[PDB]
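Participant: Structure in structure tokens, see below.
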Amino acid sequence: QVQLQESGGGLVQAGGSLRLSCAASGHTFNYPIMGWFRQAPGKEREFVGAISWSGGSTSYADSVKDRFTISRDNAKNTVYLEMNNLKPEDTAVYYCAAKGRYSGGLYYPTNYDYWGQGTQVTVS
Amino acid sequence: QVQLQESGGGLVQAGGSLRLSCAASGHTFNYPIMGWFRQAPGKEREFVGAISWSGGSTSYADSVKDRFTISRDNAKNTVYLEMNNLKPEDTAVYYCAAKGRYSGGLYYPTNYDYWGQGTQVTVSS
Amino acid sequence: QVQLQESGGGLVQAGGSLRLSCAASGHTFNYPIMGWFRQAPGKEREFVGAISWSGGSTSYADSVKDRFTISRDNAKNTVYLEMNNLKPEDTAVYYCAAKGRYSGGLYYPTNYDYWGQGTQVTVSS
Amino acid sequence: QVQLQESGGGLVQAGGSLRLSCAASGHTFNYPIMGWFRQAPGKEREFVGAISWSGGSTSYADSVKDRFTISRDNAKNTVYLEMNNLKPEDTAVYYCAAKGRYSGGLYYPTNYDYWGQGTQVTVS
Amino acid sequence: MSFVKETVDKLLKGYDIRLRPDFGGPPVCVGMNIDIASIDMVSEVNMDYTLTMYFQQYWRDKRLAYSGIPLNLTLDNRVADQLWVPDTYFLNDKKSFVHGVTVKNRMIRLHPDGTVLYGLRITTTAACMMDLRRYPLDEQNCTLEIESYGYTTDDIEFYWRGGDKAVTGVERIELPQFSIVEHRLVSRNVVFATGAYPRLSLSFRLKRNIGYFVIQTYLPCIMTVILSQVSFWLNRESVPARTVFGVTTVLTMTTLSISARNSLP
Amino acid sequence: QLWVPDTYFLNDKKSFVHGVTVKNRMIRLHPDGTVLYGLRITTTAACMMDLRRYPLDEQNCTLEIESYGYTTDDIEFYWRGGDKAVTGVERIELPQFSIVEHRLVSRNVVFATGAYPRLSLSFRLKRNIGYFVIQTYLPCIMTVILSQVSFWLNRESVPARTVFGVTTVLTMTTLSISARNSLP
Amino acid sequence: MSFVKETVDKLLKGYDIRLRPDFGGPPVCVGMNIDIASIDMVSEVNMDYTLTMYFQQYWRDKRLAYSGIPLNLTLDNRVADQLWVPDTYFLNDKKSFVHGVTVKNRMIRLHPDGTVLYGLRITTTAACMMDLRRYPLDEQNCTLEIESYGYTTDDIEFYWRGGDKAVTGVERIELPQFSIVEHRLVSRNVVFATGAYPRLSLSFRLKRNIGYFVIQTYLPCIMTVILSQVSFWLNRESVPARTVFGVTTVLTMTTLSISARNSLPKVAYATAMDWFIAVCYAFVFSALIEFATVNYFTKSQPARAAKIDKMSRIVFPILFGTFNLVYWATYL
Ligand SMILES: *[C@@H]1O[C@H](CO)[C@@H](O[C@@H]2O[C@H](CO)[C@@H](O[C@@H]3O[C@H](CO[C@H]4O[C@H](CO)[C@@H](O)[C@H](O[C@H]5O[C@H](CO)[C@@H](O)[C@H](O)[C@@H]5O[C@H]5O[C@H](CO)[C@@H](O)[C@H](O)[C@@H]5O)[C@@H]4O)[C@@H](O)[C@H](O[C@H]4O[C@H](CO)[C@@H](O)[C@H](O)[C@@H]4O)[C@@H]3O)[C@H](O)[C@H]2NC(C)=O)[C@H](O)[C@H]1NC(C)=O
Ligand SMILES: *[C@@H]1O[C@H](CO)[C@@H](O[C@@H]2O[C@H](CO)[C@@H](O[C@@H]3O[C@H](CO[C@H]4O[C@H](CO)[C@@H](O)[C@H](O[C@H]5O[C@H](CO)[C@@H](O)[C@H](O)[C@@H]5O[C@H]5O[C@H](CO)[C@@H](O)[C@H](O)[C@@H]5O)[C@@H]4O)[C@@H](O)[C@H](O[C@H]4O[C@H](CO)[C@@H](O)[C@H](O)[C@@H]4O)[C@@H]3O)[C@H](O)[C@H]2NC(C)=O)[C@H](O)[C@H]1NC(C)=O
Ligand SMILES: *[C@@H]1O[C@H](CO)[C@@H](O[C@@H]2O[C@H](CO)[C@@H](O[C@@H]3O[C@H](CO[C@H]4O[C@H](CO)[C@@H](O)[C@H](O[C@H]5O[C@H](CO)[C@@H](O)[C@H](O)[C@@H]5O[C@H]5O[C@H](CO)[C@@H](O)[C@H](O)[C@@H]5O)[C@@H]4O)[C@@H](O)[C@H](O[C@H]4O[C@H](CO)[C@@H](O)[C@H](O)[C@@H]4O)[C@@H]3O)[C@H](O)[C@H]2NC(C)=O)[C@H](O)[C@H]1NC(C)=O
Ligand SMILES: *[C@@H]1O[C@H](CO)[C@@H](O[C@@H]2O[C@H](CO)[C@@H](O[C@@H]3O[C@H](CO[C@H]4O[C@H](CO)[C@@H](O)[C@H](O[C@H]5O[C@H](CO)[C@@H](O)[C@H](O)[C@@H]5O[C@H]5O[C@H](CO)[C@@H](O)[C@H](O)[C@@H]5O)[C@@H]4O)[C@@H](O)[C@H](O[C@H]4O[C@H](CO)[C@@H](O)[C@H](O)[C@@H]4O)[C@@H]3O)[C@H](O)[C@H]2NC(C)=O)[C@H](O)[C@H]1NC(C)=O
Ligand SMILES: CC(=O)[C@H]1CC[C@H]2[C@@H]3CC[C@@H]4C[C@H](O)CC[C@]4(C)[C@H]3CC[C@]12C
Ligand SMILES: *[C@@H]1O[C@H](CO)[C@@H](O)[C@H](O)[C@H]1NC(C)=O
Ligand SMILES: *[C@@H]1O[C@H](CO)[C@@H](O)[C@H](O)[C@H]1NC(C)=O
């Protein structure tokens, strides 16, 4: 099993920046890929981006592309999400998810086995 | 060839515990898998459980599941059967059997080449 | 080529024992399998038994089975034939033969390339 | 990327000799094969010759064959073109090109990814 | 026999191997059932393991129903080539084959119901990414992921025929360096860009035995340390002696650290 | 019993299409006449390496996709979905490397037999140094430090200081040889 | 020839390869007969052995009976593809094939009876789990388990055609490291969840020759022990000399224990060789500790130190000698 816990969410003003963190514990090796999802009040769950076990390769959604960066530090079993030039469209509860080695596509929430109680990000 | 001898059978009261032992000698390596069968007076031979040569992997019957544990100690060429929370349904002659490396399914008694003269276990309610 | 020479044949009384020897020289490695054949005066050539290059594996005729043993000693390039509990049926000229590595079945005399001038064994009842 | 720069072009008299140089920088390893093309004022781009990464194997056009030699010196990331017994037919702007490892035939200009601003060679 | 042949011909007449059972209709429930023969090898260097198994599949094709006969029909293996079979593959295999000697190792058993039993004897070498951080006091989780290649959940469904009792032979596995502590069966539906597919996961947990390493690494290291400490029991005036103890033990320690690292990825 | 494109991998050495339990190929048809032809393939493809900066190097391995017989007059290629046409770079897990980026390209290459369409998938592999600090650098660094111990012995200990000299010199050649043995 | 062709066509006409002989009726008795060509290899590391054999099968298909002809018909190998053959496989094979050059190595001989003789030349590499506890004074039991894949005992029965004489060629087997001491044939019926199937087991017992190991392990070990004991015959004042004898012999003993263990599988138990090498390690490490002690008392207790040397010169070889006599006897 795996336990994910997030932090760093808060109130930010438009064009601002913020860094979300996600600390993992347990069988982190069996669920190597990590993903970020966000849930606006009205809209459906949206894919933000995801990162590899090695930390080298990433993948981002078009909307979030060029304004966000996902990084890894396996020394601390933590993935980071830096969000720069924030828009009010980005307002949502940001979730952190872990995916099994052979779980199919990154974009789909179904495949992810473990999630963390999300952190709120609001952009005025 | 292989020779199997059991021990530890006796009278026990319901909800009690008991540990059966089965000491093996001879070509134990050619018959790696060990199985436990029980025979009630009226019923047919029942599969209890079985254990691997490494001792790691086991398999148990549903009735006996969660109340019995099979363990191995190749240092002493002995397999153990710990029976906890015993029921009067468990009353039977418990047999110890050894199966060839390529002998087919665990559940079937036919496949086992060597057996031991069983020990009686009786459970009074 | 190979040269085979036998010895140890003689007169023996029924139920007796006797040891035949067959010393080989030359390209013994190219003809690894050794066989024993016997020829009674009236009957046809009979297969007695045969032995491997390693000396471990053997093969005997049913009639001769359990009363004869073939052994090897590559140190001396010699195969031995110990015949125990001898019958008058065993009376014959015992031959020693060498077979090529890929020469087909042991039972057939045709396959053997080299033979030795046989030794007589007579069994009086 | 790769940057190619040539030199050594100038005025020469017929039957004369001249040595052109082409210095390369950047990802020279990803574009191992080097080619020489010349462009007369009226005519189309002509293939002159080409050389391997090892420098051993070469290939020349029939017209230029036996009067020109292409050499390499990977120590200096430079290919040379020695033109001997020059004819007025040889008058042209000589270009230096680099081709990808899997780019198809040497003769065709399309395949070459990087070129250098050519040097003029005139033969009176 | 002639009657049976005629019935088989009638069953084949108009049978299209291109179409699954209930082609337009509901999905085909396929029951999986595995009997493990052996795990032949476990490579830490290539991060794979070689498995040998009997892979049985059960489904219902109404086109293969026969009323007249009262018994189950075992047909020659070559019938597979003229029937529809599920497009089941092993997601994480590197190289697999179906045994061919003396005949292709595949069994078809039919039932008057139209139920098919399709058995295959397969050896797979499947990928098993290893966490060697705790090596050689580690344990690994090797899996065999079973899925359909082309047919989505709209056309195929998978289930472990008999639930927890669907896999047999874990008890037969005999590895020199490991031992199977437990196994697990799972049923999931995974989502790709091309659609949602059914998956079944067989899992083992391999506990490594230390015996090999106490002999080939730990004792050499422990004794090379003890050897270095002998130089403390020589008077300080024996300069050359105590440098031999120092140098040799230092060099034989690097070569252990190198040679031990050579058997790993 | 259908026409499929004659697509091959230009720089493959040995490739195959998985066969168990059935040949791993999918056909999905649409009333349009559109065909979806999926294959599960394992290729071992050539990746010429520039080991000059080894082991602080990085490499560019590619997979060149082209049609064998049909020219641009008969076949055209395109990455279906542009930059989103390749997936799974994130799944790649190599002990010694890590995929820093990937690139998709579309080109038309010219052979003597005509002009053919090509698509190039590229990876950039950054090598991790962990393996080499353990198996090469520390041994070298410590074999240098070991040689320098002889400076802290009086000059009269001739045999002692020659042992330090000779052994460290010989264990350095064997490192240079053994390190060179794992490379081309 | 034309008449024969017509008869063959008539035999084929309406022949369904999908159906066994007596499809609904009693099981088909299949007679097995093996002629071993060679065992090419025996891998302790992969725990398998590679066998090459002629695998013959005999059964009766009444659909292949012919009255008119008076002789047995040997047909081209390609007839197999248009006949029913038993689904016989080797339970414990890892990789097997049927030889293909120049033609597929399979023989069909028919009899007017309807009896079929189906010969195949096969090479199998089959699993042979090994008990290396007594290595290299061990012996192993390698088997070849023969069974039908799909047909149960209700449809197929097996028997060794000719009983104990059904296998030939054990005498032909030539292995550098082993020798076949005996072989056994067995007939059984094994029970799976899918039903009860017939099985035949061919068995060999392989006795390992020690020749290879006395040259590559035992003599090096025995001589490395004797080498360590030379340091007892040097005065204790030769400190550097006696440390060379100690260190070198200790290090060359670990590398033997490692290099000897490299030709085996990664088993978790200790082999009879591992004990022998371990004891050798004790005699060499003791020879060094002895010197270390003697050097430690060379001024403290010079009388004792000199006595230890003079005893060690006799205790060590005698103990090492008697240890060998016990070791070899325990495993012989
Ligand atoms: C080796 O390593 C591999 C991984 O690398 C391990 O694999 C994992 O193994 C475990 C079992 O040990 C698997 O868990 C079981 O999964 C099944 C199937 O799940 C799917 O189908 C069911 C339908 O029956 C759906 O309900 C599931 O969807 C729910 O769960 C998913 C996650 O599985 C979740 O994302 C969804 O939102 C949804 O929610 C529910 O779960 C969440 C928690 O995840 C919970 O908060 C919420 O309230 C809902 O309950 C999914 O599509 C599932 O049926 C099983 O459930 C049963 O057991 C669990 C306990 O584990 C009970 O809680 C539950 O009540 C049931 O009794 C398990 O969850 C896992 O899928 C699998 N993963 C992969 C990728 O392989 C191996 O086990 C390892 N083996 C060894 C030997 O080490
Ligand atoms: C390498 O290692 C393998 C093992 O890993 C060895 O293989 C074993 O080899 C021996 C021979 O050396 C085999 O034994 C003989 O088996 C045959 C066949 O047995 C089956 O078929 C017969 C019918 O033909 C049935 O009657 C048998 O059923 C009886 O036995 C089974 C178990 O085998 C049992 O479950 C049944 O209830 C039934 O019972 C009777 O036997 C038991 C003992 O098992 C006894 O207690 C009881 O009172 C009954 O008599 C079975 O389905 C069998 O015919 C042979 O019998 C003959 O010899 C015995 C003495 O040994 C005589 O007493 C008897 O009268 C016969 O003359 C043997 O039992 C064994 O099966 C086989 N094991 C496997 C798994 O393959 C190799 O030999 C080793 N090789 C080397 C070189 O070392
Ligand atoms: C590598 O190692 C292999 C084997 O390990 C060597 O192979 C051997 O090579 C020799 C030649 O160098 C072969 O010998 C010759 O055999 C042929 C075979 O002839 C057959 O057909 C004729 C004609 O129909 C028959 O007459 C023959 O039958 C006789 O011989 C066979 C045995 O070969 C025997 O079983 C029969 O009873 C019959 O007996 C005759 O031979 C015996 C032998 O002891 C003798 O006692 C008796 O009186 C009869 O003469 C047979 O079916 C044959 O034609 C050759 O004859 C020529 O040489 C002889 C003298 O040696 C002359 O007398 C004669 O006129 C001919 O010139 C040889 O006998 C041998 O078969 C072969 N063995 C195998 C197993 O392959 C390789 O040579 C080695 N190579 C290298 C480079 O080292
Ligand atoms: C690993 O290593 C391999 C090689 O070893 C690398 O591969 C190279 O990758 C780069 C991208 O990173 C590729 O460049 C891009 O090429 C595409 C495709 O080009 C073809 O098709 C387009 C239309 O789709 C045509 O327009 C192109 O025609 C131009 O180029 C050809 C060939 O050079 C030339 O003959 C034509 O005249 C024409 O010229 C133009 O480019 C040259 C470049 O020097 C310039 O000087 C000139 O003025 C013209 O503009 C061609 O037929 C192309 O679409 C891309 O364009 C986009 O980016 C560029 C900037 O880079 C913008 O300027 C442009 O507007 C577009 O946005 C790129 O040029 C290259 O072909 C490819 N080579 C091979 C052999 O595969 C990998 O990248 C490496 N990977 C890693 C991770 O290391
Ligand atoms: C008291 C004495 O005669 C000394 C001289 C050499 C010493 C041994 C050297 C090797 C070992 C070193 C370790 O530090 C302690 C145990 C060991 C085994 C020592 C015990 C004490 C010994 C035997
Ligand atoms: C045929 O198989 C079914 C399983 O669906 C089983 O119940 C039945 O008994 C079998 N029939 C025979 C002839 O044994
Ligand atoms: C056919 O083979 C049998 C043995 O299977 C043999 O006894 C018989 O003689 C053969 N037929 C002829 C005509 O030789």
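By convention in this document, the chains of the structure tokens carry letters A, B, ... by their order, each chain's residues are numbered from 1, and ligands are numbered from 1 in the order they are shown.
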How would you report the residues lying within 10 Å of ligand 4, as a PyMOL selection string, if you count only C-alpha atoms and all ligand atoms?

Facilitator: (chain D and resi 1-3+27-32+98-104+108-116) or (chain F and resi 58-64+78+99-109+118-125)

Participant: Apply DSSP to the backbone of this structure and, from chain A, keep only the residues in strand (DSSP E or B); write these as JSON, numbers by chain.

Facilitator: {"A": [2, 3, 4, 5, 6, 7, 11, 12, 18, 19, 20, 21, 22, 23, 24, 25, 26, 33, 34, 35, 36, 37, 38, 39, 46, 47, 48, 49, 50, 51, 58, 59, 60, 68, 69, 70, 71, 72, 73, 78, 79, 80, 81, 82, 83, 92, 93, 94, 95, 96, 97, 98, 99, 104, 112, 113, 114, 115, 119, 120, 121, 122, 123]}

Participant: List all protein, DNA and RNA residues that have any atom at most 12 Å from ligand 6, counting only C-alpha atoms and all ligand atoms, and write the list as a ChimeraX atom specification.

Facilitator: /E:58-60,69-74,109-117 /G:24,152-155,193-196

Participant: Please write the residues from the selection above to a file, keeping N, CA, C and O atoms, as a JSON list (two decimals), in the first residue's frame.

Facilitator:
[["chain", "number", "residue", "atom", "x", "y", "z"],
["E", 58, "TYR", "N", -11.95, -20.51, -20.58],
["E", 58, "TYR", "CA", -13.32, -21.03, -20.72],
["E", 58, "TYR", "C", -14.24, -19.93, -21.24],
["E", 58, "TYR", "O", -14.33, -18.88, -20.64],
["E", 59, "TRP", "N", -14.93, -20.18, -22.34],
["E", 59, "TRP", "CA", -15.97, -19.26, -22.83],
["E", 59, "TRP", "C", -17.08, -20.05, -23.49],
["E", 59, "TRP", "O", -16.96, -21.26, -23.62],
["E", 60, "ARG", "N", -18.15, -19.37, -23.89],
["E", 60, "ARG", "CA", -19.29, -20.02, -24.51],
["E", 60, "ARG", "C", -19.53, -19.49, -25.93],
["E", 60, "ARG", "O", -19.82, -18.31, -26.11],
["E", 69, "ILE", "N", -25.41, -35.65, -28.88],
["E", 69, "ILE", "CA", -24.37, -36.36, -28.13],
["E", 69, "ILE", "C", -24.50, -36.04, -26.63],
["E", 69, "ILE", "O", -24.79, -34.89, -26.27],
["E", 70, "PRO", "N", -24.27, -37.05, -25.75],
["E", 70, "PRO", "CA", -24.36, -36.88, -24.29],
["E", 70, "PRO", "C", -23.02, -36.71, -23.55],
["E", 70, "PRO", "O", -23.02, -36.71, -22.32],
["E", 71, "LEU", "N", -21.91, -36.55, -24.27],
["E", 71, "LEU", "CA", -20.59, -36.47, -23.64],
["E", 71, "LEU", "C", -19.73, -35.33, -24.18],
["E", 71, "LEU", "O", -19.92, -34.85, -25.30],
["E", 72, "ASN", "N", -18.74, -34.93, -23.39],
["E", 72, "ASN", "CA", -17.84, -33.83, -23.74],
["E", 72, "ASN", "C", -16.85, -34.29, -24.81],
["E", 72, "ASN", "O", -16.27, -35.37, -24.70],
["E", 73, "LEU", "N", -16.64, -33.45, -25.83],
["E", 73, "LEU", "CA", -15.83, -33.84, -26.99],
["E", 73, "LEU", "C", -14.43, -33.24, -26.93],
["E", 73, "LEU", "O", -14.27, -32.03, -27.10],
["E", 74, "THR", "N", -13.42, -34.08, -26.69],
["E", 74, "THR", "CA", -12.02, -33.65, -26.84],
["E", 74, "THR", "C", -11.59, -33.85, -28.29],
["E", 74, "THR", "O", -11.56, -34.98, -28.80],
["E", 109, "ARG", "N", -11.61, -28.91, -25.46],
["E", 109, "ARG", "CA", -12.67, -29.77, -24.97],
["E", 109, "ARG", "C", -13.99, -29.02, -25.11],
["E", 109, "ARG", "O", -14.16, -27.94, -24.54],
["E", 110, "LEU", "N", -14.91, -29.60, -25.87],
["E", 110, "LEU", "CA", -16.23, -29.02, -26.10],
["E", 110, "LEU", "C", -17.28, -29.70, -25.24],
["E", 110, "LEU", "O", -17.15, -30.87, -24.85],
["E", 111, "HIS", "N", -18.34, -28.93, -24.97],
["E", 111, "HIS", "CA", -19.49, -29.37, -24.20],
["E", 111, "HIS", "C", -20.75, -29.07, -25.02],
["E", 111, "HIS", "O", -20.76, -28.10, -25.79],
["E", 112, "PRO", "N", -21.82, -29.89, -24.86],
["E", 112, "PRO", "CA", -23.06, -29.68, -25.64],
["E", 112, "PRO", "C", -23.68, -28.29, -25.43],
["E", 112, "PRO", "O", -24.31, -27.74, -26.33],
["E", 113, "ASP", "N", -23.47, -27.74, -24.24],
["E", 113, "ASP", "CA", -23.74, -26.33, -23.92],
["E", 113, "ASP", "C", -23.21, -25.33, -24.97],
["E", 113, "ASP", "O", -23.85, -24.31, -25.22],
["E", 114, "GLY", "N", -22.08, -25.63, -25.60],
["E", 114, "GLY", "CA", -21.34, -24.68, -26.44],
["E", 114, "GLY", "C", -20.13, -24.09, -25.72],
["E", 114, "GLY", "O", -19.43, -23.24, -26.27],
["E", 115, "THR", "N", -19.89, -24.55, -24.49],
["E", 115, "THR", "CA", -18.76, -24.12, -23.69],
["E", 115, "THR", "C", -17.48, -24.74, -24.23],
["E", 115, "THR", "O", -17.44, -25.92, -24.56],
["E", 116, "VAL", "N", -16.43, -23.92, -24.31],
["E", 116, "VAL", "CA", -15.13, -24.33, -24.83],
["E", 116, "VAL", "C", -14.11, -24.28, -23.70],
["E", 116, "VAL", "O", -14.12, -23.35, -22.91],
["E", 117, "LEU", "N", -13.26, -25.30, -23.63],
["E", 117, "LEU", "CA", -12.10, -25.29, -22.72],
["E", 117, "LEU", "C", -10.84, -25.29, -23.58],
["E", 117, "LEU", "O", -10.56, -26.28, -24.25],
["G", 24, "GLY", "N", -15.97, -42.38, -29.70],
["G", 24, "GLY", "CA", -16.86, -42.52, -28.55],
["G", 24, "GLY", "C", -16.55, -43.71, -27.66],
["G", 24, "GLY", "O", -17.02, -43.76, -26.53],
["G", 152, "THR", "N", -7.85, -37.64, -21.74],
["G", 152, "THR", "CA", -7.79, -38.28, -20.43],
["G", 152, "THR", "C", -7.68, -39.80, -20.57],
["G", 152, "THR", "O", -7.69, -40.34, -21.69],
["G", 153, "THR", "N", -7.58, -40.50, -19.44],
["G", 153, "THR", "CA", -7.57, -41.98, -19.44],
["G", 153, "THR", "C", -8.82, -42.61, -20.06],
["G", 153, "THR", "O", -8.77, -43.77, -20.48],
["G", 154, "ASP", "N", -9.92, -41.87, -20.10],
["G", 154, "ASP", "CA", -11.11, -42.29, -20.84],
["G", 154, "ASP", "C", -10.88, -42.36, -22.35],
["G", 154, "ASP", "O", -11.63, -43.05, -23.05],
["G", 155, "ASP", "N", -9.88, -41.64, -22.86],
["G", 155, "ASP", "CA", -9.60, -41.59, -24.30],
["G", 155, "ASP", "C", -8.23, -42.13, -24.72],
["G", 155, "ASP", "O", -8.08, -42.59, -25.86],
["G", 193, "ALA", "N", -7.10, -31.38, -12.03],
["G", 193, "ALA", "CA", -8.47, -30.84, -11.93],
["G", 193, "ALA", "C", -9.30, -31.12, -13.19],
["G", 193, "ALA", "O", -10.51, -31.36, -13.09],
["G", 194, "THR", "N", -8.64, -31.10, -14.35],
["G", 194, "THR", "CA", -9.30, -31.38, -15.63],
["G", 194, "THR", "C", -9.53, -32.88, -15.90],
["G", 194, "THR", "O", -10.17, -33.23, -16.89],
["G", 195, "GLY", "N", -9.02, -33.77, -15.03],
["G", 195, "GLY", "CA", -9.22, -35.21, -15.17],
["G", 195, "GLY", "C", -7.95, -36.00, -14.88],
["G", 195, "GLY", "O", -6.93, -35.43, -14.46],
["G", 196, "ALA", "N", -8.02, -37.31, -15.11],
["G", 196, "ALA", "CA", -6.90, -38.23, -14.89],
["G", 196, "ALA", "C", -6.24, -38.59, -16.21],
["G", 196, "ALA", "O", -6.89, -39.06, -17.14]]

Participant: Pull the closest atom pair for each residue of chain E that gets at most 8 Å from ligand 5, along with the distance in Å to one decimal, counting only C-alpha atoms and all ligand atoms, ordering rows by chain and then ascending residue number, as CSV.

Facilitator:
residue,atom,partner,partner_atom_place_in_ligand_line,distance
E:226,CA,ligand 5,12 (C),5.2
E:227,CA,ligand 5,10 (C),6.2
E:228,CA,ligand 5,12 (C),7.9
E:229,CA,ligand 5,12 (C),4.9
E:230,CA,ligand 5,9 (C),4.3
E:231,CA,ligand 5,9 (C),7.9
E:232,CA,ligand 5,14 (O),7.7
E:233,CA,ligand 5,5 (C),5.4

Participant: Tell me, as a PyMOL selection string, which residues lie within 6 Å of segment 50-66 of chain D, counting only C-alpha atoms; anything in the same chain fewer than 5 positions away does not count.

Facilitator: chain D and resi 32-35+72

Participant: Identify every residue of chain G that has at least one atom within 9 Å of any atom of chain C, counting only C-alpha atoms, and report the result as a ChimeraX atom specification.

Facilitator: /G:37,168-175,178-183,207

Participant: Since we have the selection now, will you write its residues out, keeping N, CA and C atoms, as an mmCIF file, in the first residue's frame?

Facilitator:
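Final file, part.cif:
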data_model
loop_
_atom_site.group_PDB
_atom_site.id
_atom_site.type_symbol
_atom_site.label_atom_id
_atom_site.label_comp_id
_atom_site.auth_asym_id
_atom_site.auth_seq_id
_atom_site.Cartn_x
_atom_site.Cartn_y
_atom_site.Cartn_z
ATOM 1 N N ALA G 37 19.857 -41.507 -28.201
ATOM 2 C CA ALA G 37 21.034 -41.262 -29.039
ATOM 3 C C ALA G 37 22.185 -40.716 -28.211
ATOM 4 N N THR G 168 16.169 -48.039 -25.178
ATOM 5 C CA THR G 168 17.504 -48.470 -25.596
ATOM 6 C C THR G 168 18.429 -47.268 -25.698
ATOM 7 N N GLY G 169 19.729 -47.505 -25.539
ATOM 8 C CA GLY G 169 20.740 -46.475 -25.793
ATOM 9 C C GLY G 169 21.364 -45.862 -24.556
ATOM 10 N N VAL G 170 20.819 -46.162 -23.377
ATOM 11 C CA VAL G 170 21.491 -45.803 -22.119
ATOM 12 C C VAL G 170 22.982 -46.157 -22.127
ATOM 13 N N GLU G 171 23.325 -47.195 -22.882
ATOM 14 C CA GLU G 171 24.687 -47.705 -22.990
ATOM 15 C C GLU G 171 25.551 -46.797 -23.881
ATOM 16 N N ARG G 172 24.918 -46.192 -24.888
ATOM 17 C CA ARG G 172 25.529 -45.170 -25.750
ATOM 18 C C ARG G 172 25.876 -43.839 -25.077
ATOM 19 N N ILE G 173 25.281 -43.521 -23.925
ATOM 20 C CA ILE G 173 25.460 -42.196 -23.315
ATOM 21 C C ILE G 173 26.904 -42.028 -22.846
ATOM 22 N N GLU G 174 27.500 -40.903 -23.232
ATOM 23 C CA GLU G 174 28.896 -40.592 -22.964
ATOM 24 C C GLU G 174 28.946 -39.152 -22.455
ATOM 25 N N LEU G 175 29.109 -38.993 -21.148
ATOM 26 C CA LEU G 175 29.210 -37.680 -20.530
ATOM 27 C C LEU G 175 30.577 -37.536 -19.879
ATOM 28 N N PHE G 178 29.801 -37.302 -15.798
ATOM 29 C CA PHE G 178 28.878 -38.256 -15.170
ATOM 30 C C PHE G 178 28.979 -39.641 -15.799
ATOM 31 N N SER G 179 28.266 -40.587 -15.196
ATOM 32 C CA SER G 179 28.045 -41.910 -15.773
ATOM 33 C C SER G 179 26.697 -42.461 -15.294
ATOM 34 N N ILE G 180 25.979 -43.131 -16.186
ATOM 35 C CA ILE G 180 24.619 -43.587 -15.907
ATOM 36 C C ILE G 180 24.718 -44.933 -15.188
ATOM 37 N N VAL G 181 24.418 -44.940 -13.891
ATOM 38 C CA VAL G 181 24.567 -46.153 -13.085
ATOM 39 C C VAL G 181 23.384 -47.099 -13.283
ATOM 40 N N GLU G 182 22.165 -46.561 -13.324
ATOM 41 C CA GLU G 182 20.984 -47.335 -13.733
ATOM 42 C C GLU G 182 19.889 -46.457 -14.321
ATOM 43 N N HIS G 183 18.855 -47.097 -14.860
ATOM 44 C CA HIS G 183 17.671 -46.409 -15.379
ATOM 45 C C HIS G 183 16.413 -47.186 -15.007
ATOM 46 N N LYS G 207 25.960 -40.671 -11.655
ATOM 47 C CA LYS G 207 27.040 -40.638 -10.671
ATOM 48 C C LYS G 207 28.151 -39.746 -11.205
#

Participant: I'd like the contact shell of segment 189-193 of chain E - 12 Å cut-off, only C-alpha atoms, skipping same-chain residues fewer than 4 positions apart - returned as a PyMOL selection string.

Facilitator: (chain A and resi 99-100+102-113) or (chain E and resi 91+145-150+152-154+156-159+197-201) or (chain F and resi 81+84-88)
